[PDB]
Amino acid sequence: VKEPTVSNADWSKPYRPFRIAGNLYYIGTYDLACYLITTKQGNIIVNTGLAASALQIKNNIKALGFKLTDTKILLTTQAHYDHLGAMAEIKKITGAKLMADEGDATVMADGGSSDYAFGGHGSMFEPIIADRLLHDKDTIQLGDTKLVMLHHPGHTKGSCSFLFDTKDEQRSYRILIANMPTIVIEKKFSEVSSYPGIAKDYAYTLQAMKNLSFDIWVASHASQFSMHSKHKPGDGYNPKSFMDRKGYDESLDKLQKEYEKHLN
């Protein structure tokens, strides 16, 4: 396994973990977004960072006063090394069930060596095998929390978002953990031959994502939802700073124009 060169220091830069809304917490790096969802029956972790991120993740969970041994479920939005780098390790240590969008099961099982965009040069992250293959609109229940997986292909063949309700003592929130449909290739869709449905998948995702409704959206990278504009370490609890429909729409507009060009 050889993790590709990382030029962006913020991918490994530690960041102080915080509560976003209800039982949703941010436990990722300065730019690689990882989430903890805490329930009465244990916890869900969504994403890791790079290979070395396992230490920070364990520490972040601890720092919020939760227990790593309460981890029951592992999810990802995206089978790329920047979001699955430490997943094999976290799964080993926790013994949690990994649930994955069927579209990415294969790439995950080979550590990214069959990746349509970065394949052919061996494993880019430690292979993981999912205990559950999820399809569009499958639900994941733990205690009183229920997640809906949304198949949002294109970024990866199985990239996906999660839609779920949480509550604090005053209010309930509909949260989208979105995988934004960014384009990873530099060439035209028509030339990406080992992913024949790539253009149709982007078209489907862009349309499906525009029509979603929620109170709060977050993304796979902190920068993609401007997390550092909405929250500083020490802010305390403030779900409302993550209410940002305009931000979401502006982002999908940009990604729509990108889709039209075919690349970046």
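Numbering starts at 1 and follows the sequence shown.
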**Asked** With respect to the recorded C-alpha B factors, which stretch has the higher mean value, 144-152 or 120-128?
**Response** 120-128
**Complete:** Of 197-205 vs 228-236, the stretch with the larger average CA B-factor in the entry is 228-236
**Request:** Have a look at 223, 211, 41, 48 and flag the one whose Cα has the highest B-factor in the entry.
**Result:** 41
**Message:** By the CA temperature factor listed in this entry, which of these ranks top: 157, 171, 72, 91?
**Reply:** 171
**Ranked against its chain, the third holding the CA B-factor of residue 183** = middle
**Request:** Divide the modelled residues of the chain into thirds by Cα B-factor and specify which third, lowest, middle or highest, holds residue 54.
**Result:** middle
**Complete:** Of the three thirds of the chain ranked by Cα temperature factor, residue 252 occupies the middle
**Request:** Using the B-factors in the PDB entry, rank residue 192's C-alpha atom against the chain and give the third, lowest, middle or highest.
**Result:** highest
**Asked** What third of the chain, by the recorded C-alpha B-factor, contains residue 137?
**Response** middle
